[PDB]
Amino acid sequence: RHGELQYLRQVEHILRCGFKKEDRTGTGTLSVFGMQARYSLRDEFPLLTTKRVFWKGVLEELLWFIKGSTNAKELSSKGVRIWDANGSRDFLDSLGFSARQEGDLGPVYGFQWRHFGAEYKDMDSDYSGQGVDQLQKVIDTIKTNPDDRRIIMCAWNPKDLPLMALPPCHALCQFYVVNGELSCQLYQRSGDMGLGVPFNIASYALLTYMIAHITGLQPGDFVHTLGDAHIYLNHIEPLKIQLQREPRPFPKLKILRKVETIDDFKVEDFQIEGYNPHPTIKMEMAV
């Protein structure tokens, strides 16, 4: 009854019943449209164990989002290079963004979460007091009206899409409270099952822990919903290796001090305890 079995079974389902589907990157995929999994957050943390997940990257990326950043260079210097390709000179130029500085991902998560509706200029522009701070609004609504069925943070901004180096794979998330517990559902339009998905699950589970902490709630469930759930054709053999491995108990996430605001979390405030994954499995990134 290990929660990780849901992920492994989604992979198996795509390998057995998915359709071949060509893709933007020219790699090719096996694909299923519409999946859902539920990861309990109660006294455990869904950091996958059948391969080592890059937790440092997960944590630094989320802190960077919370700062409102859309500058990959700010994250890269942490040793977290996950957005570097998307902000590179040549990739940017390929999308027509030759005026843009390297690293400028466009009006993606950090900007939409903190400044939705503002006019994007450059990654380093001053957006203070502009647009909707959806992140803080979610927090405030959970505190004042936990029954609210409208507690959403939405990165999908049709007006801004043409400026984004990668339109968000994570279109929106919704929070929910019952019985003292905070849950989160992610709508992921496009899930690279081998590379992005394990990382993304940890990201939103971590966000839920952070928000529960500052709202005085306990973490409940993370519900992961997928649009195009796909396995790149060059991830088939790596995932078949992964599927042979037995899950180990999920770790725990500890928050090491009482933090009052989302902005105040720091890397050293977190400890993953009891994480004993199987070895890293290299999965190439389709660009």
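Throughout, we count residues from 1 along the sequence that is shown. Note that the rigid core is defined as the largest set of C-alphas that superpose within 1.5 Å between two forms.
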property	result
Greater Cα displacement in 8 other deposited structures of this protein once the core is superposed, comparing 234 to 242 with 63 to 71	234 to 242
Between 93 to 101 and 161 to 169, larger RMS Cα displacement in 8 other deposited structures of this protein after core fit	93 to 101
At least a third of other PDB entries omit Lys282	yes
Between the two ranges 231 to 239 and 256 to 264, the one averaging a larger CA B factor in the entry	256 to 264
66 to 74 versus 29 to 37 - which carries the larger mean C-alpha B factor in the record	66 to 74
Member of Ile82, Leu172, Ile201, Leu95 with the greatest C-alpha B factor (per the PDB record)	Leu95
Out of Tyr176, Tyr209, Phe91, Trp113, residue topping the C-alpha B-factor column of the entry	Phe91
Relative C-alpha B-factor of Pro247, binned into the chain's lowest, middle or highest third	highest
Chain-wide C-alpha B factor ranking for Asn276, given as lowest, middle or highest third	middle
Third of chain Cα B-factors occupied by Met193	lowest
Relative C-alpha B-factor of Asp122, binned into the chain's lowest, middle or highest third	highest
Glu181 by Cα B-factor - lowest, middle or highest third of the modelled chain	lowest
